[PDB]
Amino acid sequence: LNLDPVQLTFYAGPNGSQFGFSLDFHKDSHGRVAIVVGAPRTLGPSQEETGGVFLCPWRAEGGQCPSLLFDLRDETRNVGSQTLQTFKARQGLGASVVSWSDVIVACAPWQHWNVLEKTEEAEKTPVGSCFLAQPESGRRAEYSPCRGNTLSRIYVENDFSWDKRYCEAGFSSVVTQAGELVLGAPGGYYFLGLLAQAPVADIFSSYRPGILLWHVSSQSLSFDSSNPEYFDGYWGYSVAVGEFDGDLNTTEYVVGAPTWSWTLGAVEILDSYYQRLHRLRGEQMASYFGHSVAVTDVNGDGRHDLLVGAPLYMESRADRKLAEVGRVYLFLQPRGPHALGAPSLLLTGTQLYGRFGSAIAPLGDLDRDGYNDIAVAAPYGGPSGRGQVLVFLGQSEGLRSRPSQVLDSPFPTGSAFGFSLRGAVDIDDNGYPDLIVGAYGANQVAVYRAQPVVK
């Protein structure tokens, strides 16, 4: 409703670096807000794409940002009669970033890893890896829970059980208030997908450079399965957290599995022990129901509600025809211990191939009316197909079925304007929460400032 579309702020990164693929707000020890941006195709030391992270200070004019430097050198360790190897080439560092406290977490989902023992090997596979940084102290650390030293032969003998060689840990990342990092690894367990969790504090204290294979006792990974419904479901394609059981001591996880059950798609709500509480199934095959998930209380009943994106959902139209436009599903949490019912609201895209529902960002209370609002992205939507972001306001009855505002892309075609969103943070400290919109296609980030309501 009251985001300022006239006077935006632009941050830009290196050409072809996909600067803006992922972003997030970041407060230092003093509460000073800065933007953290991921550029997964930024050139490394050998003029080869390794990815990179940028930490942008708030500035009404924006501009260029300094790099949050990480180690980008491939590592080797000859230990226990084995050879451990990390391969960072085309790893996609910054394919996802999240900030918690004064710590930043940037993940390279396609960082490869291999082990050699004589004439055998584990296989060179994308286990992924996360890089943790504390900008103020200069502290650094890593977390790569899917690394292993089992040889190829073993997996074959065991019928490829608990095979975590393709996890791509960090595909999606979230952090609980308590400070537990939760990584979505859609490739884990031979493409079933898995979740890995570990306390940030413990990740730091247990890490040392050069070791490559170390233990994090407090870590917790989800489980494998023999059920074909889970096969190639990419469990952990997207992740989120919230409160969905009434017990405020426990934190619940929300996992998207966009191709679950033969591309039907689904999203499940679990406890910290990966026990399923609810499961919402897709409405249509290949719609990619679960591509994105958001958690926030939109009707002001104190209970977190769920939002699910299906960016490829095809809408039924005249003469028995279907039009790929995308869709968002709202699920309101019922009072007390009850199952989430049918969707309370179905928001559907308008532009063909617009991919409405590709991203969904909680804005907090944008207009300050007492109900939380959200933003929904259609990266290839708008009459010009350049990208569009639609704001929907909260209300006692959930959400408004029509958008309160529509942000058209300030960039040129192909920018993927809206592929990443982040809100609910007041970056200019004017009392109103703001929105940052990434357009990796254009290697830029647009900042929208919320202003006092005009009407």
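From 1 onward, residues are counted along the sequence shown.
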item: Stretch with the higher entry mean CA B-factor, where the candidates are 125-133 and 332-340; value: 332-340
item: Average Cα temperature factor in the PDB entry - higher stretch of 245-253, 106-114; value: 245-253
item: Per the PDB entry, maximal CA B factor within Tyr371, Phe191, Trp260, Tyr155; value: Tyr155
item: Candidate residues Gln284, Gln91, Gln275, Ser292, the one whose C-alpha B factor the record puts highest; value: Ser292
item: Chain third (lowest, middle, highest) by recorded CA B-factor, residue given as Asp367; value: lowest
item: Relative C-alpha B-factor of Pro45, binned into the chain's lowest, middle or highest third; value: highest
item: Within-chain third of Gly31 by Cα B-factor, per the entry; value: highest
item: CA B-factor placement of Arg59, once the chain's modelled residues are sorted into thirds; value: highest
item: CA B-factor placement of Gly309, once the chain's modelled residues are sorted into thirds; value: lowest
